[PDB]
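**Student:** Below is a structure I'd like to ask you about.
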Amino acid sequence: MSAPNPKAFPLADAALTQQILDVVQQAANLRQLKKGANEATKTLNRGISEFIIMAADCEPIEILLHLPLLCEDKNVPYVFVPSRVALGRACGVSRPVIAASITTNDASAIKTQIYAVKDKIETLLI
Amino acid sequence: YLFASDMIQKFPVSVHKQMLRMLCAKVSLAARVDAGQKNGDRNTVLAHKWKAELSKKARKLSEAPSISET
Amino acid sequence: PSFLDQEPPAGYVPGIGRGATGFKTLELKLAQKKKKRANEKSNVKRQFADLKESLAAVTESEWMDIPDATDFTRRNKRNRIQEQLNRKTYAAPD
Amino acid sequence: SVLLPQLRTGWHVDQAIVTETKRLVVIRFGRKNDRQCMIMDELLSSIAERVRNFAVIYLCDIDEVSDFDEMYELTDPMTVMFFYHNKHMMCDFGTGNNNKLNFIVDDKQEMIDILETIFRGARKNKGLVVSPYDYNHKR
RNA sequence: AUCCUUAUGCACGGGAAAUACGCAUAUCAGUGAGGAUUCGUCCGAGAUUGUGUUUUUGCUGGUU
Ligand SMILES: *OP(=O)(O)OP(=O)(O)OC[C@H]1O[C@@H](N2CN(C)c3c2[nH]c(N(C)C)nc3=O)[C@H](O)[C@@H]1O
């Protein structure tokens, strides 16, 4: 690694990242996912989001640091995962992606993976 | 309002629709930094990259193809 | 163009080597006569020439660092598309 | 014009005809100052690139090398003369001289057809070909 | 143990298209490509640039 960014918080570990990124991609294929900052910021304003994933090592980090303060008002969990390049892949994109918002459909197929991971994430926010 | 700005109308007319979009994003990136920034200390530096890119990127759009061997 | 470079013949006639197939008082007087007649009997450059002197000033570094091949109409792209559009034909239906 | 190279001795002419096995060798015989020998020098230069794969072009001046004047008989400002494997080629443009070329051809396209026709017919050892467009009226 | 969902791989069977499919020691590109708008906002991944083939690619059989 490199010095993990002090502002990065909650930071998911190795074992949670595998469980999270796997859900991301699993949602990508049902197109319940939304990738990128602005696409994610849109979600919260509307009110459809489930949780946000962000890149920890996003350079500079200040460009996404607004999401946390928005999430806390809409009561939406969030975490950082350790690299952007990995998050890029899971969304089905060649290229680096710093944020992503899974959305809501309560008829969904993957519904029970999501509640699983939010339950894990909200633990990190102590 | 952005359309009237400097970083757009200093360029040929063909590259306008490509430079709003390219600038509008970097405005919001700039504006997101401003909220983040502490009131007592505000530091520019982000802008310098985001102008450098923009002016250099706008040039390249204008430049046009290299000529081709027949 | 390797031969173009070299510069030397044998003391050789051109026709023969390849194997080629073809598919003084009066004079003086004439000259004199002609003379007896010569005795008796541009703009673009001017316009420019004046500019050409103007050039003399320019340095050899600048002569080098001159941009080289700039197209401003994207002629190549349009031409290719046009050829592709016009390639084939089709037969009209019955 | 500076695109197309020039041949400065009759010995440059002859080797240039020999060494190019697979392509036409096209030569413009005529002198720089001429009105009509400048015009052709253009219509060729524009075409020379398109055709590089089957035809090679050169420039020669009657004044620079006069060795070839009597054998091929060169009259008038310029003559276009086609060679393939040392064999002087020949085409009837409807003009009444089947050897060489004289008149100034008008379009780029109609010039490329003639080169292409000569090459294709030539490849088969045929010594005469027919120019599709016959400019007897023109010249 | 059955059953069900999505992705990927090999595959029988059924269709549609080749003005289509690619390639690049090459430019940018969710740190927002390219669009839509009822003017309030809404979609979100490719666009340039050079190039190869494109009335056809490989392979058999008949008849002369
Ligand atoms: O098919 P086989 O009998 O070979 O399965 P295994 O011998 O590999 O052994 C243990 C696994 O059996 C599966 N079973 C078997 N049964 C009868 C069964 C199983 N699982 C469930 N659930 C977990 C709902 N219910 C059952 O009634 C399991 O995979 C065992 O691991």
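A quick note on method: Cβ atoms are made from the backbone with ideal geometry, for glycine too, and the neighbour counts reach across all protein chains shown. Coordinate-derived values only; no laboratory data.
**Student:** I want to check the label-to-label distance for A:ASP73 and B:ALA35. Put each point 7 Å from Cα in the C-beta direction and report it in nm to one decimal.
**Tutor:** Here the modelled spin labels are 0.7 nm apart.
**Student:** Would you work out which of D:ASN86, D:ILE57, A:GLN25 lies farthest towards the positive end of the dipole of the protein assembly as shown? Charges go on Cβ: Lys and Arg +1, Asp and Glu -1.
**Tutor:** The one lying farthest along the dipole's positive direction is D:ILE57.
**Student:** Now, a different point. Summarise the partner chain shielding of D:13-20 as one whole number: the mean count of Cβ atoms from other chains within 10 Å of each residue's Cβ. Before the final figure, lay out each step's value.
**Tutor:** Numbers: counts 2, 11, 8, 3, 2, 4, 3, 1.
Mean shielding by partner chains, rounded to a whole number: 4.
**Student:** For region A:57-126, what class follows from the C-alpha gyration tensor (a ≥ b ≥ c being the square roots of its eigenvalues): rounded when a/c is under 1.5, otherwise prolate if a/b is larger than b/c, else oblate? Don't skip to the answer; put the middle values down first.
**Tutor:** Working: a/c = 1.90, a/b = 1.21, b/c = 1.57.
The shape class here is oblate.
**Student:** Need one value for D:63-71: mean number of C-beta atoms belonging to other chains within 10 Å of its residues' C-beta atoms.
**Tutor:** Details: counts 0, 0, 1, 0, 3, 4, 0, 2, 6.
The per-residue average across the peptide is 2.
**Student:** Angle check, please: helix B:16-36 long axis (alpha carbons) against the longest principal axis of chain B (alpha carbons), in degrees 0 to 90, nearest 10.
**Tutor:** That helix lies at roughly 20 degrees to the long axis.
**Student:** Using square roots of five times the C-alpha gyration tensor eigenvalues, list the equivalent-ellipsoid semi-axes of chain A in whole Å, biggest first. Let's see the in-between values first.
**Tutor:** Values: eigenvalues 77, 50, 43 Å².
So the equivalent ellipsoid measures 20, 16, 15 Å along its semi-axes.
**Student:** Let me ask something else. Projected onto the charge dipole of the protein assembly as shown (+1 at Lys/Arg Cβ, -1 at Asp/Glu Cβ, origin at the Cα centre), which of A:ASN75, A:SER2, C:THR59 gives the Cα projection farthest towards the positive end?
**Tutor:** Sorting the options by dipole projection puts first A:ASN75.
**Student:** Next question, about the same structure. Label points 7 Å out from Cα along the Cβ direction at D:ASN53 and D:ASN98: separation in nm?
**Tutor:** Those two pseudo-labels are separated by 3.1 nm.
**Student:** Excluding residues on the same chain fewer than 8 positions from C:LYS34, give the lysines whose Cα lies under 30 Å from its Cα.
**Tutor:** The reachable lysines, counting only those whose Cα sits under 30 Å from C:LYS34, are C:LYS24, D:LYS32.
**Student:** Which pairs, out of B:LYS26/B:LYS51; A:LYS35/B:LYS57; B:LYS17/B:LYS57; C:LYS88/D:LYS124; D:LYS108/D:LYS138, put more than 19 Å between their alpha-carbon atoms? Please report the intermediate quantities before stating the final value.
**Tutor:** Values: B:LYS26/B:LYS51 9 Å; A:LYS35/B:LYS57 24 Å; B:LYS17/B:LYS57 13 Å; C:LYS88/D:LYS124 29 Å; D:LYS108/D:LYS138 16 Å.
Listed pairs above 19 Å: A:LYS35/B:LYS57; C:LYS88/D:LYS124.
**Student:** Counting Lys and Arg as +1 and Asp and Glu as -1, each charge on the Cβ, what is the dipole of chain D about the Cα centre in debye, to the nearest 20?
**Tutor:** Numbers: 18 positive and 21 negative charges, 124 e Å.
So the magnitude is around 600 debye.
**Student:** Suppose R0 equals 30 Å. What FRET efficiency, 1/(1 + (r/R0)^6) with r the Cβ-Cβ distance, do A:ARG31 and C:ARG87 give to the nearest 0.05? Walk me through the intermediate numbers first.
**Tutor:** Numbers: r = 39 Å, r/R0 = 1.29.
In this case the efficiency is close to 0.20.
**Student:** Roughly how big is chain B's charge dipole about its Cα centre, with Cβ charges of +1 (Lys, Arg) and -1 (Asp, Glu), in debye to the nearest 20? Display every interim value, and only then the final one.
**Tutor:** On the way: 13 positive and 6 negative charges, 32 e Å.
That gives a dipole near 160 debye.
**Student:** For a protection proxy built on the mean count of beta-carbon atoms within 10 angstrom, sort D:128-138, A:96-106, C:63-73 highest first, please. Let's see the in-between values first.
**Tutor:** Values: D:128-138: 13.5, A:96-106: 20.5, C:63-73: 8.5.
Those peptides, ordered most packed to least, come out A:96-106, D:128-138, C:63-73.
**Student:** Where does each of A:37-47, A:74-84 land if you order them by average Cβ count within 10 Å, highest first?
**Tutor:** Numbers: A:37-47: 16.0, A:74-84: 19.3.
So the order, starting with the most tightly packed, is A:74-84, A:37-47.
**Student:** Beyond 14 Å, what share of the Cα-Cα pairs of chain B is found? Please give it as a whole percent.
**Tutor:** So the pairs more than 14 Å apart make up 65 percent of the total in chain B.
**Student:** Which three lengths, in whole Å and largest first, does chain D cover when its Cα atoms are put on their principal axes?
**Tutor:** 34, 32, 30
**Student:** Right, here's the next one. Taking every pair of alpha-carbon atoms in the protein assembly as shown, what share in percent sits in each 10 Å bin, from 0 to the bin with the longest distance?
**Tutor:** That works out to 3, 13, 15, 13, 12, 9, 11, 12, 8, 3, 1, 1, 0, in percent per bin.
**Student:** On to the next question. Considering the options B:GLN9, B:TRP50, B:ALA30, tell which one lies farthest towards the positive end of the dipole of region B:8-59, charges being +1 on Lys and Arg and -1 on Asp and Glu at the Cβ, about the Cα centre.
**Tutor:** After comparing all options, I get B:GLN9.
**Student:** Going out from 0 in 5 Å bins, what whole percent of all Cα-Cα distances in region A:1-44 drops into each bin?
**Tutor:** 5, 17, 17, 23, 23, 11, 3, 0
**Student:** Further, regarding this structure: Show me the ranking of peptides C:42-53, D:59-70 by mean Cβ neighbours inside 10 Å, starting with the highest. Numbers along the way, then the final one.
**Tutor:** Numbers: C:42-53: 8.3, D:59-70: 16.3.
In decreasing order of mean packing, C:42-53, D:59-70 become D:59-70, C:42-53.
**Student:** Then there is this: Other chains' Cβ within 10 Å of B:28-41 residues: what's the mean?
**Tutor:** Details: counts 5, 6, 1, 1, 8, 5, 1, 4, 8, 1, 0, 0, 0, 0.
Whole-number average of other-chain Cβ neighbours for B:28-41 is 3.
**Student:** Counting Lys and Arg as +1 and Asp and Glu as -1, each charge on the Cβ, what is the dipole of chain A about the Cα centre in debye, to the nearest 20? Can you show the working numbers first?
**Tutor:** On the way: 13 positive and 12 negative charges, 83 e Å.
So the dipole magnitude of chain A works out to roughly 400 debye.
**Student:** Please check which bits of region D:36-56 a label hung off D:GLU116 would reach, taking the label as a point 7 Å along Cα-to-C-beta and the cut-off as backbone N under 19 Å.
**Tutor:** Correct set: D:43-56.
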